[PDB]
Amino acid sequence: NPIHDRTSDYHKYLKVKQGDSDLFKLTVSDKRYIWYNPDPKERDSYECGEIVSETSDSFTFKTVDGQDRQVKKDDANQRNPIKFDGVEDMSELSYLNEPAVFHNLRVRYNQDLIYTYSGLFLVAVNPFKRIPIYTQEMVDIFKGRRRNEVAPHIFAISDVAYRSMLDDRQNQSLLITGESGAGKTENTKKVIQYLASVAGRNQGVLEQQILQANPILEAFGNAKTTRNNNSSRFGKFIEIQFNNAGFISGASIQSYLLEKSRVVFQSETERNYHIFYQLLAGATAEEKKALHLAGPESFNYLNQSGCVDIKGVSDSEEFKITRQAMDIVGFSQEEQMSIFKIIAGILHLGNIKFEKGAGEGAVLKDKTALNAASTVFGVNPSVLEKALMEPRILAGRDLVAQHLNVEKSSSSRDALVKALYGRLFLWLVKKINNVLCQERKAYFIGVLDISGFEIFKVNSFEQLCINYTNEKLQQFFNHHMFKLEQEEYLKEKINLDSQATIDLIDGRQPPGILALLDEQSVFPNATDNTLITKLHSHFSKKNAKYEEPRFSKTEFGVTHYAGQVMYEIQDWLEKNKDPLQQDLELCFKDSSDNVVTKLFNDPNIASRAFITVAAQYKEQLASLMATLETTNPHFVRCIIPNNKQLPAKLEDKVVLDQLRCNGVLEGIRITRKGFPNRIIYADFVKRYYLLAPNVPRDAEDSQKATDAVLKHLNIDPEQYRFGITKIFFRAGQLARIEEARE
């Protein structure tokens, strides 16, 4: 019994190590501390100062160096008594100021305890090393245990959700968000691993197919970035389907915002999508030859970042893994071949060199790349050729071929590549769903694995999109926390800005940012300047959450939940329409490839609806929210410990900033205001009995006993509330209590 076996790995890796004794006395201490900023400039950097004296309204303390400093009781960040160091839930803390929250998290992380609850949230901090807590034996310990009966773990919230589903006969959701590198994907895979074990059968085909879908999507959707070697370049909502009996019966995946741009360009040190590298590494000498493949260095779309390999990863071996997953899900070798051929053609398309200066219109002298690409796509090179540099364009009733220059030509080519790529991804997702997805499903548990708020040096359309989704999600949480808190107070018999940001973005009348973008999108000749001027015109000094910059002519600010975000408007018009020359659709529509034809002939893949990329985004987000609203949700906040991808380096600034953005500190702020500590009567007595010359450690009349102690200590009754089963304490009270003499 691992949970009770102090020698188990359960104990070792998931719990604060327990010694012989539990006795209150052990933690007795005379010292009182405060959390302060040694450098008022650096507000997330604190140090602990021992309070030396006080006055009626201030405290005086001793800094790190022996420097006396003084502070206002009302501004003091008291440090919780040592007993509170390491608790499994931040809600168990008596003083809930920020530094206190950070400290508890750090104490845990220093013992490699990466999971901690904060009220409704599970906080998960990437340790940047592999903790062996996800084995099958680990899976087994969580089975059917209540939140309160086992240590914090992704498995634990996954079991709670599964039991809630079976118990309440209600669909569930797990929202796993945070920064790139935080471990969202990793935890999402633990959730699926867990559910397939606790609810799978014949332990099975279905289960292996479900498990095998990820690997497929990661290869086409993930890439090495400067922040994560296996970054998810798309967001996802996975629906895990169960029958009335609680057995897994299916799955469906919805994908969002794939970064198609990466296909054609990658920043220094970054890589293109894994798959490109997998193919080249792993294709068979005979496959290479038939696909006209070479090394990556020979491909414009793969030889620009300087990086083509990932430390400790075998593209060849992963390829194996990827083809294997495909086999298992059920992709026919033929299908597999066309996939690779599409990957191939894309690489060929990127190798096309456009030349000019004949006229002012582009040409192709060498036609090797083109032929290469046409061959693999199964399209007519001459048609491809014309469609690239001489697309026929509607100007009046006049349908006329325009000779584009090398640039436009190049950009068009890039558009083609992006379309193929995104359409292929979409088709792979549908293919997967077909195999996995249930028409008739009884229940589901869905997992969202998407980033939280994004605030980079440069914020663009995709950033607004993701932050727009995050305002919606933060508002969902806030509505939820609010219902739950009330219920609680109710069961124990104890006595917005979101909307405004949301409206500025998605409002229809008056029109918000996306509506004005859609409007401009209809005018072929609109520009970045017309757009941004229109935005400023409607919101500058007119909408409280918008800000026109003092100098930049190309950006605008939005006050988000997480703070102000500055956006740059370049290419939004283009991003919004995501254009592709009709002649290009025509060309490929004739492909002789059984997969390619689908990318262009199926209106479900080839087209958005004519609705804009913003309108589609807004639509998909609303459906998503509609689905979530039907579930009982569970929130996991994944946090990166620093920006360097290193273990054992938990950076206060880095962390605190995330806690600020993701809603964890707000929640505590709100919680701290009422009765943050709610404890089961017996639990209380068991620990504090010895503070009153009355009480029996054990005692049927636990509430009475509680009242004994309280009374004995002369506690201010405004400080607590007797609930039906727990005693409710205001912030700080419990700390003073812990501090009482036996």
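All residue numbers refer to positions in the sequence shown, first residue = 1.
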item: Residues with no coordinates between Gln203 and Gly204, taken from the deposited sequence as a class; value: 4 to 9
item: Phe610 preceded by how many uncoordinated deposited residues after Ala609; value: 4 to 9
item: Given 227-235 and 105-113, the range whose Cα B-factors average higher in the PDB entry; value: 227-235
item: Greater mean Cα temperature factor according to the PDB record, 615-623 or 86-94; value: 86-94
item: Given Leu690, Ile679, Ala705, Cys48, the residue at which the Cα B factor reaches its maximum; value: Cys48
item: Selection by C-alpha B-factor (highest) of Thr284, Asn187, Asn300, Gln193; value: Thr284
item: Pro296 - Cα temperature factor, lowest/middle/highest third of chain; value: highest
item: Modelled-residue ranking by C-alpha temperature factor, third containing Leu424; value: middle
item: Third of the chain's Cα B-factor distribution that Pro603 belongs to, per the entry; value: highest
item: Within-chain third of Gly312 by Cα B-factor, per the entry; value: middle
item: Entry-reported Cα temperature factor of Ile240, expressed as the chain third it lands in; value: middle
